[PDB]
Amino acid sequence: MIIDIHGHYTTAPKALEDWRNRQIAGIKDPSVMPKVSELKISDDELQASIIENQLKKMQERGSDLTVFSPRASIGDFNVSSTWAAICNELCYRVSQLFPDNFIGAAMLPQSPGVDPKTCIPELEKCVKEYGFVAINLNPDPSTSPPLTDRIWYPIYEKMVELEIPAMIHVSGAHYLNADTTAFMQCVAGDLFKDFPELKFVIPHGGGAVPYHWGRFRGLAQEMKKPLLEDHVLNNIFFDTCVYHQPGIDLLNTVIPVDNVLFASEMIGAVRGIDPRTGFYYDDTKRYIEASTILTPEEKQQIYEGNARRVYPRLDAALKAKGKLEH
């Protein structure tokens, strides 16, 4: 099967965004602050948003399952907490309506300078009650402390406990910078010495990392660290959200197959068609299929094998599903 580990619910009924606008307006004008019970979205509206969009494209592109999370894009913790709760529950409802095609990843109620421990309640709820298989961890909710700082340790302890990886994800290309920064911080520190089980997924093919792989190998060398293969590659993985063959080829040239996870982040940032290839920039499965560097077996690793090892909760959910249908 084909598993897309990076996708956001960008097609939600307008009622969701309307509620958000009321909430945001309520920050400066508490008189217009909305109540959670005021948000009403029916299953019919939910089903329509999926069938006409994500589901349709997955069928046309040959994707079977997407790890589905709330879209990225300030108030205090109260605002963030309420908003994350709403967004996660909607992704959960989508997974219930289309259990074979969507499984959730959680948005955390982070807030600038607020202790990450405040996000544990939502994290646990999503994993235990909604069956989510990973979390989206924002390294810079805004100066934000590096991922190697102990402020993040309570989240890491929970991630190891529940066996869930974290996609480093910030909220026109700022996200590419965050990917590179996250990787650099890990190379500079020794986080995985403290949490050997910890797994991070850095999107967009690792930001600029593969393109500057020699620089990072050289930096680890000067800092007297072990080779990257051992220092970070048993803990850091990259998704395939690279929108052109040359980039995908570079990715598969310098990054081990074990560290590459299929993803496309469809109906997101880039929704146009590349006039030179004739197909959509984000139809990334085509770049993997077209690859002459990867063997058939390695492509299957990228499509499913790797995600099932990096996301233990996902592997368990898939094994249980086939057992019930049998």
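Start at 1 and count along the sequence shown; that's the residue number.
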* Structure fact -> Unresolved deposited positions lying between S73 and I74 come to 4 to 9
* Count class of deposited residues lacking coordinates, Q185 to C186 -> none
* Structure fact -> Per the PDB entry, mean CA B-factor is higher for 75 to 83 or 251 to 259, namely for 75 to 83
* 23 to 31 versus 295 to 303 - greater average Cα B-factor per the deposited record -> 23 to 31
* Whose CA atom has the top B-factor in the entry, of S37, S69, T284, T66? -> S37
* Based on what the PDB entry reports, which of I155, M107, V232, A173 has the top C-alpha B-factor? -> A173
* **Modelled-residue ranking by C-alpha temperature factor, third containing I2** => middle
* Asked: Thinking about Cα B factors across the chain, which third does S264 belong to?
  -> lowest
* Structure fact -> Assert third(CA B-factor, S144) within chain per record equals highest
* Using the B-factors in the PDB entry, rank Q245's C-alpha atom against the chain and give the third, lowest, middle or highest. => middle
* Where the record places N177 (Cα B-factor, split into thirds across the chain) -> middle
